[PDB]
Amino acid sequence: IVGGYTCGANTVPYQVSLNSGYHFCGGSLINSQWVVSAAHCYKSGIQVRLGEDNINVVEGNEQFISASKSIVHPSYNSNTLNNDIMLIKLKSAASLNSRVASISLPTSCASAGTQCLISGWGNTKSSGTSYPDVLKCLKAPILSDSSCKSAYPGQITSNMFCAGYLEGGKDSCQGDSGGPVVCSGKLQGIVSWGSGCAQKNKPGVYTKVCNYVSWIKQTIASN
Ligand SMILES: N=C(N)c1ccc(Br)cc1
Ligand SMILES: [Ca+2]
């Protein structure tokens, strides 16, 4: 997160860190057994880390649970990033509490102009790299479809939306991949892509979760 703020420990209790020896992506806990992340975060050997604030220190509220299965969306296209969503099943159910809590899926698609909360442990610099160890947060509005397509002509599908600031300076970034965009208390987006981070006229692009609720619900019901 570039240009954001330190959230405060466990104030984003649905935020997870995906660890394969190191933190490599975020995700969102949607019930005690399932995490939503980006398809571009797929790899083997995933451990889901819940209740995290500082990802380099065991502070006492964490739960570390190996993934038993990952399910990348059948239509994910890694060239265009269309359908950039994946489900991760936990080997055992998380113990839900005030610091580890699920986030609801949307029932409708959020509107342009809605202020959302984006969070993660990604790079905090728009040039160079610095990785924070505590969770960072960013308030960002959903941008109009017209502005999004003007920023990325020929690249925005109906399964994507832009959020952030066209003037730059505030954005998600590498390492935030797969983490939540929460609007009106529900999971509306997944950190997906963007040209650089926090660059002028290059806002963040996010998977449009409201288009995947049927697939999520049916997949969870059978796995
Ligand atoms: N929002 C962005 N600018 C962005 C986020 C994650 C990755 Br990976 C690349 C770009
Ligand atoms: Ca920790």
# chains A, B, ... in the order shown; residues from 1 in each chain; ligands from 1
>>> residues_near_ligand(ligand="ligand 2", cutoff="7 Å", atoms="only C-alpha atoms and all ligand atoms", output="JSON, numbers by chain")
{"A": [52, 53, 54, 55, 56, 57, 58, 59, 62]}
>>> write_last_selection(atoms="N, CA and C atoms", output="PDB file, in the first residue's frame")
ATOM      1  N   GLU A  52      -3.125 -11.707  11.863  1.00  0.00           N
ATOM      2  CA  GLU A  52      -1.813 -11.083  11.765  1.00  0.00           C
ATOM      3  C   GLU A  52      -1.895  -9.570  11.873  1.00  0.00           C
ATOM      4  N   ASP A  53      -0.916  -8.994  12.571  1.00  0.00           N
ATOM      5  CA  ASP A  53      -0.577  -7.597  12.343  1.00  0.00           C
ATOM      6  C   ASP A  53       0.857  -7.508  11.844  1.00  0.00           C
ATOM      7  N   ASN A  54       1.847  -7.625  12.726  1.00  0.00           N
ATOM      8  CA  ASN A  54       3.230  -7.705  12.267  1.00  0.00           C
ATOM      9  C   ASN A  54       3.487  -9.121  11.760  1.00  0.00           C
ATOM     10  N   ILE A  55       3.742  -9.258  10.456  1.00  0.00           N
ATOM     11  CA  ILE A  55       3.903 -10.593   9.877  1.00  0.00           C
ATOM     12  C   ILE A  55       5.255 -11.222  10.176  1.00  0.00           C
ATOM     13  N   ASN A  56       6.191 -10.479  10.773  1.00  0.00           N
ATOM     14  CA  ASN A  56       7.496 -11.026  11.118  1.00  0.00           C
ATOM     15  C   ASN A  56       7.625 -11.404  12.586  1.00  0.00           C
ATOM     16  N   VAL A  57       6.605 -11.156  13.406  1.00  0.00           N
ATOM     17  CA  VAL A  57       6.665 -11.410  14.844  1.00  0.00           C
ATOM     18  C   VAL A  57       5.403 -12.154  15.250  1.00  0.00           C
ATOM     19  N   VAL A  58       5.554 -13.211  16.040  1.00  0.00           N
ATOM     20  CA  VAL A  58       4.390 -13.874  16.627  1.00  0.00           C
ATOM     21  C   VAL A  58       3.933 -13.037  17.818  1.00  0.00           C
ATOM     22  N   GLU A  59       2.775 -12.390  17.682  1.00  0.00           N
ATOM     23  CA  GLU A  59       2.267 -11.465  18.687  1.00  0.00           C
ATOM     24  C   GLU A  59       1.197 -12.078  19.583  1.00  0.00           C
ATOM     25  N   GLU A  62      -2.423 -14.956  16.265  1.00  0.00           N
ATOM     26  CA  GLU A  62      -2.392 -15.586  14.956  1.00  0.00           C
ATOM     27  C   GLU A  62      -2.978 -16.987  14.997  1.00  0.00           C
TER      28      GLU A  62
END
>>> residues_near_ligand(ligand="ligand 1", cutoff="8 Å", atoms="only C-alpha atoms and all ligand atoms", output="list in words")
residues 171, 172, 173, 174, 175, 176, 177, 191, 192, 193, 194, 195, 196, 197, 198, 199, 202, 203, 204, 205 and 206 of chain A
>>> select_by_dssp(residues="stretch 9-210 of chain A", states="helix (DSSP H, G or I)", output="PyMOL selection string")
chain A and resi 39-41+145-151+209-210
>>> closest_residue(among="A:148, A:207, A:47, A:9", to="residue A:112", atoms="only C-alpha atoms")
A:148
>>> atom_distance(atom1="atom CA of residue A:111", atom2="atom CA of residue A:188")
10.1 Å
>>> select_by_dssp(residues="stretch 68-107 of chain A", states="strand (DSSP E or B)", output="compact mmCIF listing (two decimals) with C-alpha atoms, in the first residue's frame")
# COMPACT_ATOMS: atom_id res chain seq x y z
CA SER A 68 -5.84 -28.28 1.73
CA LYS A 69 -6.90 -27.20 -1.77
CA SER A 70 -6.79 -24.20 -4.09
CA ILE A 71 -9.38 -23.61 -6.81
CA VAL A 72 -8.45 -21.10 -9.51
CA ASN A 77 -6.73 -15.72 -18.16
CA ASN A 82 -9.73 -11.57 -16.60
CA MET A 86 -9.19 -18.12 -6.53
CA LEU A 87 -10.59 -19.97 -3.53
CA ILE A 88 -8.37 -21.52 -0.86
CA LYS A 89 -9.75 -24.14 1.52
CA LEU A 90 -8.26 -24.45 5.00
CA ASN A 97 -13.12 -14.32 17.32
CA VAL A 100 -10.23 -13.39 13.17
CA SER A 104 -19.59 -11.10 3.77
>>> residues_around(residues="residue A:50", least_positions_apart="6", cutoff="10 Å", atoms="only C-alpha atoms", output="number ranges by chain")
A: 10, 13-18, 27-29, 61-65, 94-96, 99-101
>>> residues_around(residues="stretch 211-222 of chain A", least_positions_apart="6", cutoff="9 Å", atoms="only C-alpha atoms", output="list in words")
residues 34, 36, 71, 73, 83, 85, 87, 89, 105, 106, 107, 108, 109, 158 and 159 of chain A
>>> write_last_selection(atoms="N, CA and C atoms", output="mmCIF file, in the first residue's frame")
data_model
loop_
_atom_site.group_PDB
_atom_site.id
_atom_site.type_symbol
_atom_site.label_atom_id
_atom_site.label_comp_id
_atom_site.auth_asym_id
_atom_site.auth_seq_id
_atom_site.Cartn_x
_atom_site.Cartn_y
_atom_site.Cartn_z
ATOM 1 N N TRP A 34 -12.753 -20.987 4.379
ATOM 2 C CA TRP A 34 -12.456 -20.578 3.011
ATOM 3 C C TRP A 34 -11.916 -19.158 2.940
ATOM 4 N N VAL A 36 -10.796 -16.117 -0.018
ATOM 5 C CA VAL A 36 -10.806 -15.620 -1.396
ATOM 6 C C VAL A 36 -9.521 -14.843 -1.640
ATOM 7 N N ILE A 71 -8.511 -23.514 -5.641
ATOM 8 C CA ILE A 71 -9.378 -23.614 -6.809
ATOM 9 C C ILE A 71 -9.284 -22.292 -7.552
ATOM 10 N N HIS A 73 -10.210 -19.874 -10.638
ATOM 11 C CA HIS A 73 -11.406 -19.757 -11.459
ATOM 12 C C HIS A 73 -11.185 -20.440 -12.808
ATOM 13 N N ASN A 83 -10.970 -12.563 -14.761
ATOM 14 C CA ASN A 83 -11.393 -13.609 -13.820
ATOM 15 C C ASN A 83 -10.289 -13.945 -12.819
ATOM 16 N N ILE A 85 -9.465 -14.538 -9.726
ATOM 17 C CA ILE A 85 -10.019 -14.937 -8.435
ATOM 18 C C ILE A 85 -9.715 -16.409 -8.203
ATOM 19 N N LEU A 87 -10.161 -19.554 -4.855
ATOM 20 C CA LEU A 87 -10.593 -19.970 -3.530
ATOM 21 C C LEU A 87 -9.538 -20.872 -2.908
ATOM 22 N N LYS A 89 -9.102 -23.449 0.414
ATOM 23 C CA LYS A 89 -9.747 -24.137 1.521
ATOM 24 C C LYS A 89 -8.727 -24.439 2.605
ATOM 25 N N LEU A 105 -19.825 -11.728 1.457
ATOM 26 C CA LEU A 105 -19.820 -11.526 0.023
ATOM 27 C C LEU A 105 -20.896 -10.509 -0.352
ATOM 28 N N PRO A 106 -20.732 -9.822 -1.472
ATOM 29 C CA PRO A 106 -21.735 -8.836 -1.875
ATOM 30 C C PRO A 106 -23.007 -9.505 -2.374
ATOM 31 N N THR A 107 -24.117 -8.786 -2.251
ATOM 32 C CA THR A 107 -25.332 -9.155 -2.969
ATOM 33 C C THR A 107 -25.568 -8.285 -4.196
ATOM 34 N N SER A 108 -24.875 -7.160 -4.313
ATOM 35 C CA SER A 108 -24.957 -6.319 -5.493
ATOM 36 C C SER A 108 -23.594 -5.687 -5.715
ATOM 37 N N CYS A 109 -23.406 -5.130 -6.908
ATOM 38 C CA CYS A 109 -22.138 -4.516 -7.270
ATOM 39 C C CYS A 109 -22.089 -3.078 -6.775
ATOM 40 N N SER A 158 -15.568 -6.471 -18.060
ATOM 41 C CA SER A 158 -16.697 -6.306 -17.155
ATOM 42 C C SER A 158 -16.466 -6.969 -15.802
ATOM 43 N N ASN A 159 -15.368 -7.711 -15.642
ATOM 44 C CA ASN A 159 -15.025 -8.363 -14.385
ATOM 45 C C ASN A 159 -13.966 -7.599 -13.605
#
>>> atom_distance(atom1="atom CA of residue A:25", atom2="atom CA of residue A:150")
28.0 Å
>>> closest_residue(among="A:178, A:113, A:60, A:120", to="residue A:137", atoms="only C-alpha atoms")
A:120
>>> closest_residue(among="A:147, A:123, A:66, A:102", to="residue A:186", atoms="only C-alpha atoms")
A:102
>>> atom_distance(atom1="atom CA of residue A:139", atom2="atom CA of residue A:48")
25.0 Å
>>> residues_around(residues="residue A:132", least_positions_apart="3", cutoff="8 Å", atoms="only C-alpha atoms", output="ChimeraX atom specification")
/A:121-124,135-136
>>> write_last_selection(atoms="N, CA, C and O atoms", output="short mmCIF file (atom, residue, chain, number, x, y, z; two decimals), in the first residue's frame")
data_model
loop_
_atom_site.label_atom_id
_atom_site.label_comp_id
_atom_site.auth_asym_id
_atom_site.auth_seq_id
_atom_site.Cartn_x
_atom_site.Cartn_y
_atom_site.Cartn_z
N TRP A 121 0.07 -5.93 3.07
CA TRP A 121 1.46 -5.84 3.51
C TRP A 121 2.41 -5.60 2.34
O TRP A 121 3.61 -5.91 2.43
N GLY A 122 1.90 -5.06 1.24
CA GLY A 122 2.70 -4.84 0.06
C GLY A 122 3.61 -3.63 0.15
O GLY A 122 3.66 -2.91 1.14
N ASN A 123 4.35 -3.44 -0.94
CA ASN A 123 5.30 -2.34 -1.07
C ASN A 123 4.63 -1.00 -0.78
O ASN A 123 3.51 -0.74 -1.21
N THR A 124 5.33 -0.16 -0.02
CA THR A 124 4.82 1.17 0.32
C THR A 124 5.42 2.28 -0.52
O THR A 124 5.10 3.46 -0.29
N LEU A 135 0.20 -4.19 9.10
CA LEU A 135 -0.79 -4.09 8.04
C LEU A 135 -1.07 -2.63 7.70
O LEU A 135 -1.27 -1.80 8.59
N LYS A 136 -1.09 -2.32 6.41
CA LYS A 136 -1.38 -0.98 5.93
C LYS A 136 -2.76 -0.93 5.29
O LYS A 136 -3.25 -1.92 4.75
#
>>> decode(residues="stretch 133-217 of chain A", atoms="C-alpha atoms", output="tab-separated table (two decimals), in the first residue's frame")
chain	number	residue	atom	x	y	z
A	133	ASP	CA	5.69	-5.55	8.52
A	134	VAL	CA	2.44	-4.21	10.00
A	135	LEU	CA	-0.79	-4.09	8.04
A	136	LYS	CA	-1.38	-0.98	5.93
A	137	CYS	CA	-4.75	0.47	4.95
A	138	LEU	CA	-6.00	2.84	2.25
A	139	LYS	CA	-9.30	4.59	1.67
A	140	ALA	CA	-10.00	4.75	-2.05
A	141	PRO	CA	-13.09	5.51	-4.13
A	142	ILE	CA	-14.37	3.35	-6.95
A	143	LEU	CA	-13.66	5.20	-10.20
A	144	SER	CA	-16.05	5.55	-13.10
A	145	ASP	CA	-15.94	2.92	-15.81
A	146	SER	CA	-15.16	5.69	-18.31
A	147	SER	CA	-12.12	6.87	-16.35
A	148	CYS	CA	-10.95	3.29	-15.81
A	149	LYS	CA	-11.09	2.49	-19.53
A	150	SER	CA	-9.44	5.81	-20.38
A	151	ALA	CA	-6.54	4.90	-18.08
A	152	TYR	CA	-6.18	1.38	-19.51
A	153	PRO	CA	-7.63	1.42	-23.03
A	154	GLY	CA	-8.42	-2.02	-24.39
A	155	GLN	CA	-7.71	-3.75	-21.06
A	156	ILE	CA	-10.73	-3.35	-18.72
A	157	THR	CA	-13.29	-6.16	-18.81
A	158	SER	CA	-16.70	-6.31	-17.15
A	159	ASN	CA	-15.02	-8.36	-14.38
A	160	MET	CA	-12.74	-5.48	-13.31
A	161	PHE	CA	-13.08	-2.08	-11.72
A	162	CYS	CA	-10.67	0.74	-10.96
A	163	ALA	CA	-10.31	2.37	-7.57
A	164	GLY	CA	-7.93	4.97	-6.21
A	165	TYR	CA	-6.76	8.39	-7.38
A	166	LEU	CA	-5.91	9.48	-10.92
A	167	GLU	CA	-3.46	12.04	-9.52
A	168	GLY	CA	-1.42	9.15	-8.08
A	169	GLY	CA	0.34	8.91	-4.74
A	170	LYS	CA	-2.09	6.43	-3.15
A	171	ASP	CA	-2.59	2.88	-4.42
A	172	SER	CA	-2.14	-0.80	-3.68
A	173	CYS	CA	1.06	-2.43	-4.92
A	174	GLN	CA	3.03	-5.66	-5.23
A	175	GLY	CA	2.52	-7.86	-2.18
A	176	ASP	CA	-1.02	-6.54	-1.70
A	177	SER	CA	-2.11	-8.93	-4.50
A	178	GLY	CA	-5.15	-10.97	-3.59
A	179	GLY	CA	-6.17	-8.81	-0.63
A	180	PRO	CA	-9.52	-7.19	0.07
A	181	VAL	CA	-11.35	-4.15	-1.25
A	182	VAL	CA	-14.21	-3.66	1.22
A	183	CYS	CA	-17.09	-1.30	0.45
A	184	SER	CA	-20.23	-0.96	2.56
A	185	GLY	CA	-18.96	-3.75	4.80
A	186	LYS	CA	-18.71	-6.38	2.05
A	187	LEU	CA	-15.97	-7.83	-0.15
A	188	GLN	CA	-16.36	-5.98	-3.46
A	189	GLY	CA	-12.84	-6.30	-4.92
A	190	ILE	CA	-9.59	-8.26	-4.92
A	191	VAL	CA	-6.23	-6.54	-5.46
A	192	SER	CA	-5.46	-7.57	-9.05
A	193	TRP	CA	-3.23	-5.35	-11.21
A	194	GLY	CA	-2.06	-1.91	-12.27
A	195	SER	CA	0.76	-0.21	-14.20
A	196	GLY	CA	3.35	0.43	-11.52
A	197	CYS	CA	1.96	1.68	-8.21
A	198	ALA	CA	0.53	5.09	-7.34
A	199	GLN	CA	1.48	6.48	-10.76
A	200	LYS	CA	-0.45	9.36	-12.28
A	201	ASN	CA	-3.36	8.19	-14.48
A	202	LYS	CA	-2.66	4.53	-13.62
A	203	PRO	CA	-5.08	3.59	-10.83
A	204	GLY	CA	-5.44	0.17	-9.26
A	205	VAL	CA	-7.53	-2.47	-11.03
A	206	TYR	CA	-9.57	-4.91	-8.93
A	207	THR	CA	-11.47	-8.12	-9.56
A	208	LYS	CA	-15.23	-7.43	-9.48
A	209	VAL	CA	-16.28	-9.88	-6.77
A	210	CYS	CA	-20.03	-9.35	-7.26
A	211	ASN	CA	-19.75	-11.23	-10.58
A	212	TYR	CA	-18.39	-14.35	-8.81
A	213	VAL	CA	-20.79	-14.85	-5.90
A	214	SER	CA	-22.67	-17.69	-7.60
A	215	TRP	CA	-19.41	-19.47	-8.46
A	216	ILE	CA	-18.09	-19.00	-4.92
A	217	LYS	CA	-21.27	-20.27	-3.28
